[PDB]
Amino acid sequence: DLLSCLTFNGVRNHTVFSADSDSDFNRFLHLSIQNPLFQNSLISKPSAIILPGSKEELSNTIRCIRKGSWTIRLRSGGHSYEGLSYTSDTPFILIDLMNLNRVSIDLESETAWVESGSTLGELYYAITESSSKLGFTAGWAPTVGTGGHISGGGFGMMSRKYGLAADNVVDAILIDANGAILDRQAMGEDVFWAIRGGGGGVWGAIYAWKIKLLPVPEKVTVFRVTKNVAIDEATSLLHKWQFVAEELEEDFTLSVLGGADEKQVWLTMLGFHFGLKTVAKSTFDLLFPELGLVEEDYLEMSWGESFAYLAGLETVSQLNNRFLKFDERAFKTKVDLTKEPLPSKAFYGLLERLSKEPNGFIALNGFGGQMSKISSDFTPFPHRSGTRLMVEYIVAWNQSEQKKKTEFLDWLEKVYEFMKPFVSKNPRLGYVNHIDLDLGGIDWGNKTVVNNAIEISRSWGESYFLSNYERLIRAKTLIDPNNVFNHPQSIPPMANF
């Protein structure tokens, strides 16, 4: 019946479930699974996969699926930390957006229309090919999809200068539960607000984003330097880092990746300056001479080169390859936001725990700059002025280490518990792109839970959105009153008597 409907509407790229591991079905399913944690045979699998190739095909796919009792799952880049783009407890149809990867750059307006299956890498590549003086603010990872990423905000190395990806969206096409094709004018300002950070898989299917392209100099300066030190020095480096990072002028970003193994600690310092190396080095010589950076550490390159470089890619060309796997290890990750400086002992204890688990690592970013100049309700992402750091904890492993899975997860749980007193509280804050089901989830098939969905969902909802939660609920009720777009942590609509 679904097939018949799709055909009647001219949607032809559809593949039904197959038990054949070599089937095209399995191939399409796995192409965009970015967390191996959700690849095994015990995981839920879609009853069919649809690859729409135009806005009409996307609209008609939604309309046809609704005539059945299927749960809709949308996938862009497949980076969901919890696999929420390609898993469901209820029978589901996977709408994979990989064929919707057209990027149209308008150099006369310095804007771009970006189909929602496009990855960050594809977008960055298109921009740098078009111009040496334009860039865009989003995350570091080139295989992340614009569909999920911009829907949830999108933080990166230029956010201290330009905010989130979603903060630079000026129009969008949203396909709603009825298949309506809505631009900013059609959807209204509440829904246009909601989609710019309120989370993917909740409002409808974004077909395309219209973004403002942003000025960058023809040469920027970056560094990527790993310090191999002991815990005393590593602790003093991280403790000073937090102040340097949040306080730097907006034209600078300094972030850190860290890990350890017994007495050996490694800290990778990632630096970005919107300008030339003389100014970059003068600034860090003054503010953070403890890093011991030398002239040869500072590299001048184009903006496009800088984003490929910071992502650990070999070439700018690699930005344009959506299936170049970033890691291929199963992982679990959690995140904290902070409001008060971290005491030295927090870094010391964090490093002690990393030293006991070499499969763990941390990623540290400062806010401030433009992030403090954007109001908390400009878009749904609320963590602006007053927010100091974002702190990510990751544990990752390969197939040969699967037996240790339980141990790895226990380690991560204990790290998060250790950090509790030092980070944001009441509530402990989060970030919707860093979706975390440990916070809880709604079973939309459970009547008693659904009756109390607003209060239950406040647990994660207020962590992700703070006071923006209420306006999000109103927007959800307007655009998807029947809850066609849902997942364990989707914004609840209000139900009528």
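Start at 1 with the first residue shown and count on from there.
Q: When the C-alpha temperature factors are averaged for each of 163-171 and 308-316, which stretch ends up with the higher value in the entry?
A: Comparing 163-171 with 308-316, the higher average CA B-factor belongs to 308-316.
Q: Mean CA B-factor: is it higher for 130-138 or for 349-357?
A: Taking the mean C-alpha B-factor of 130-138 and of 349-357, the larger value falls to 349-357.
Q: In this PDB entry, which of 448, 468, 457, 41 has the top CA B-factor?
A: By C-alpha B-factor in the record, 41 ranks first.
Q: Specify which of 400, 104, 333, 85 carries the largest Cα B factor in the deposited PDB entry.
A: The C-alpha B-factor peaks, among 400, 104, 333, 85, at 400.
Q: Check where residue 462 lands among this chain's C-alpha B-factors and tell me if it's the lowest, middle or highest third.
A: CA B-factor rank for residue 462: lowest third.
Q: Is the Cα B-factor recorded for residue 68 in the lowest, middle or highest third of its chain?
A: Its C-alpha B-factor belongs to the highest third of this chain's values.
Q: Taking the values exactly as deposited, rank residue 431 by C-alpha B-factor within its chain and report the matching third: lowest, middle or highest.
A: Its C-alpha B-factor belongs to the lowest third of this chain's values.
Q: Relative to the other modelled residues of the same chain, rank the CA B-factor of residue 252 and answer lowest, middle or highest third.
A: Answer is lowest: the recorded C-alpha B-factor places it there.
Q: Going by the CA temperature factor in the PDB record, which third of the chain does residue 325 belong to: lowest, middle or highest?
A: According to the entry, residue 325 has a C-alpha B-factor in the chain's highest third.
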